[PDB]
Structures are given as structure tokens and as C-alpha cells.
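Sharing a structure here in C-alpha cells format.
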Amino acid sequence: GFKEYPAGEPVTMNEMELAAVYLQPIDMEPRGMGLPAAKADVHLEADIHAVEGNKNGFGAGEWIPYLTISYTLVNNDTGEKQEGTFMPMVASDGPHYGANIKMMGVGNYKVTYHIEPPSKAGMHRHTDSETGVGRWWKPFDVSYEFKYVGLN
Amino acid sequence: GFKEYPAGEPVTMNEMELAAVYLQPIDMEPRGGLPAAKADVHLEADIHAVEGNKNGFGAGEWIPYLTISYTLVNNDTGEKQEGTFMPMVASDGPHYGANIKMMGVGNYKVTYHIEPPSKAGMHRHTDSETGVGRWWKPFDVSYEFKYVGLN
């Protein structure tokens with residue numbers, strides 16, 4: 001513990017369930033072009049797993065690897081917005097996507113994740129009839145509404 | 001189906017299980033590796049966590065972001081081939097593999113040269129609160145098998 005904070009409601013899309021969480025800023029290796037733990041306010045995460053009936057070769061509950069994800073963070077109260085990128089991470093609870101980020105004060109935030117399929121990071125689909133899977137979904141957006149008062 | 005054939009004995013190291021299998025050559029996107037027409041097999045590395053894994057992966061879960069090359073040798077002739085796998089996903093799930101042209105029927109040894117997820121751009125949490133163990137050093141694993149054409 002390792003206390004983590006819900007960012008809004010999980011959404012089911014493209015036979016995946018996609019959630020947002022945040023927690024204390026984390027130290028990572030290799031490091032790194034973002035912000036060090038110190039400079040950051042939180043570590044923002046995307047939790048993305050296949051559900052039942054996944055067309056792309058993933059079983060129910062399995063982590064979806066090789067995604068390319070960027071974020072748009074909006075403080076709805078002040079209208080201040082920030083952009084950036086996540087990386088693939090592994091922690092004591094498993095794989096996720098994320099970034100140490102600077103927040104923009106107390107507020108009612110909207111976070112949009114811009115998601116591209118595993119093809120854009122070099123994971124290759126079998127396509128033959130015998131061993132192949134469904135075509136990749138198009139790049140898409142998912143959003144989350146949450147309140148932030150900082151940690152503790 | 002999708003009919004696959006084991007290549008050697010699976011081996012346990014660095015808290016993983018590492019097996020080899022091959023099957024008919026496959027089609028990959030993008031259209032343009034060796035085309036199915038110019039290959040004899042699709043050779044794979046099957047790599048999953050086992051209980052007690054020190055790097056954040058639950059027993060049974062695929063190890064993602066590996067960098068894998070291979071040396072394949074026909075022991076009958078001593079002829080060698082060197083190549084690299086890519087990360088793939090097929091109907092039964094993800095793996096690491098490549099369409100390969102073999103060096104005849106015979107007795108084979110294939111070695112996989114495995115680098116940790118760090119090299120492919122996965123980042124491990126290092127802090128006490130959320131962190132896991134150091135990555136293993138790059139290592140080799142080899143598999144002895146008979147190849148007679150498929151099959």
C-alpha cells in the first residue's frame with residue numbers, strides 16, 4: 001500500500017475494459033524524459049484489459065500490450081489543459097500504462113486517453129485463416145471524470 | 001488448428017517458463033519478414049511467468065516487451081542461421097516468432113538470446129512503495145529438436 005485513487009468510471013470498448021487511476025508519483029527505470037518523482041504531483045495510469053469475446057487474440061482479463069497512449073488533461077473549473085504521453089510500466093501489481101505528471105490544482109477534471117493499437121509499436125497480428133485474428137480497431141478516445149484534492 | 005509441434009524440452013529460468021514450438025509458416029501484417037511462400041516454419045518462443053516471479057508478472061502471464069534473437073544450427077551439417085523474432089499475436093494469443101527457412105531435414109539445436117523488457121522500452125517501478133526486482137541479465141536458452149518437413 002500503495003494507495004490508489006479512482007479516476008471516474010471504467011468503460012468497455014473494443015472488447016477491452018479501460019480504467020483510469022492515479023497514485024503517488026513513482027520512480028522508474030530506465031529514467032527518463034518526463035518528471036522525477038519530486039517534481040510530479042501524481043502518477044497517472046491507464047488500466048486496459050481484454051474482456052470476454054476479444055477479437056484480437058487476447059483472453060478474458062489479459063493485459064493488452066504494445067499500445068501507444070497519449071493524454072489530454074483538462075481542469076474543467078479553470079479550463080487549464082495539459083498534454084503528454086504514457087509509457088509501458090510494470091509494478092508490484094502488474095503491467096499498466098502511465099506517466100508521472102504535474103497536476104493543475106484542485107478541480108473537476110476530464111482526462112482523455114488517445115489510444116492506438118499494438119501495430120503502431122511493433123506487435124504483429126497473424127492474418128492467415130488458420131492462425132489469424134481480427135483486424136485492429138481504429139485509434140480511439142476514452143474519457144474519465146474525477147475530483148482531485150491531491151494526495152492524503 | 002493451427003497444428004503445432006514442440007521443439008525440445010521447456011526450461012525454467014529467471015522465474016519464467018521458456019518453450020519452443022514451430023508450425024506452418026504464417027501471414028503477418030504488415031504485408032511488407034519472410035513471406036509464407038519462402039518459409040518452411042514459423043518458429044516461436046513461448047515465454048510466461050511462473051509462481052514467485054520477481055518482476056511483477058503473475059504465474060502464467062506472457063512476458064511482454066522482450067528482445068529476442070536466435071541462432072539455429074543444423075547439427076548434422078553444422079550449418080547456422082541467425083535472426084531475430086518479433087512480438088506477434090495469433091488466435092491462441094501473443095508470442096515471439098518469425099517465419100524461417102530451415103537448413104534441411106535433420107537434428108537441430110536452436111538457441112534464443114533474450115534481453116529484458118528494459119531494452120524494448122518497458123519501465124519498471126523502482127521505488128519501495130510500488131517497485132519490483134531488478135531485471136535479470138540477458139541470457140541464452142537452447143532447445144534440441146528433429147525437423148523433417150511439415151509433416
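Naming: A, B, ... by sequence-line order, numbering from 1 per chain.
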query = If you draw a 6.0 Å radius around CZ in A:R31, do more than 12 non-hydrogen atoms from other residues or ligands fall strictly inside?
reply = yes

query = Same hydrophobic cluster for A:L73 and A:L18, using side-chain heavy-atom links shorter than 4.5 Å among ILVMFWY?
reply = yes

key: Structural part of A:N54 lying under 4.5 Å from a heavy atom of chain B   = neither

query = Would B:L150 end up clustered with B:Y108 when hydrophobic side chains under 4.5 Å apart are linked, directly or stepwise?
reply = yes

task = List the atom of B:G121, the atom of A:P88, and the distance in Å for their closest heavy-atom pair.
result = O-CD, 3.7 Å

query = Side chain of A:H126, backbone of B:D27: donor and acceptor closer than 3.5 Å?
reply = no

query = With a 4.5 Å heavy-atom cut-off, do A:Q24 and B:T130 have their side chains touching?
reply = yes

query = Would you say B:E51 has more than 12 foreign heavy atoms packed within less than 6.0 Å of its CD?
reply = no

query = Can you find a pair of side-chain heavy atoms, one from A:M123 and one from B:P94, that are under 4.5 Å apart?
reply = yes

key: Neighbour count >12 (heavy atoms, 6.0 Å) for atom CE, B:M13   = no

query = Using a cut-off of under 4.5 Å for heavy-atom pairs, which of B:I26, B:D92, B:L23 has the most such pairs with chain A?
reply = B:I26

inquiry  = Minimum heavy-atom separation for A:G132 and B:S91, please, with both atom names.
reply    = O-CB, 3.8 Å

task = Give, as side chain, backbone, both or neither, the part of B:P117 having an atom under 4.5 angstrom from any heavy atom of chain A.
result = neither

query = In the single-linkage hydrophobic clustering (I, L, V, M, F, W, Y; side-chain heavy atoms under 4.5 Å), do B:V89 and A:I69 co-cluster?
reply = yes

note = Heavy-atom closest pair (B:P30 atom, A:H124 atom, distance to 0.1 Å) is CD-ND1, 3.1 Å

message = For chain A, which candidate among B:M28, B:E29, B:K3, B:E129 shows the most heavy-atom pairs at distances under 4.5 Å?
response = B:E29

Under 4.5 Å from any heavy atom of chain B - which part of A:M89 = both

inquiry  = Please determine whether residues A:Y97 and A:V142 belong to a single hydrophobic cluster, defined as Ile, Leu, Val, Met, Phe, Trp and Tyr linked transitively by side-chain heavy-atom distances below 4.5 Å.
reply    = yes

key: B:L34-B:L43 co-clustered via ILVMFWY side chain contacts under 4.5 Å   = no

ask   = What class does the angle between the rings of B:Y65 and A:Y66 fall in, given that below 30° is parallel, 30 to 60° is tilted and above 60° is perpendicular?
value = parallel

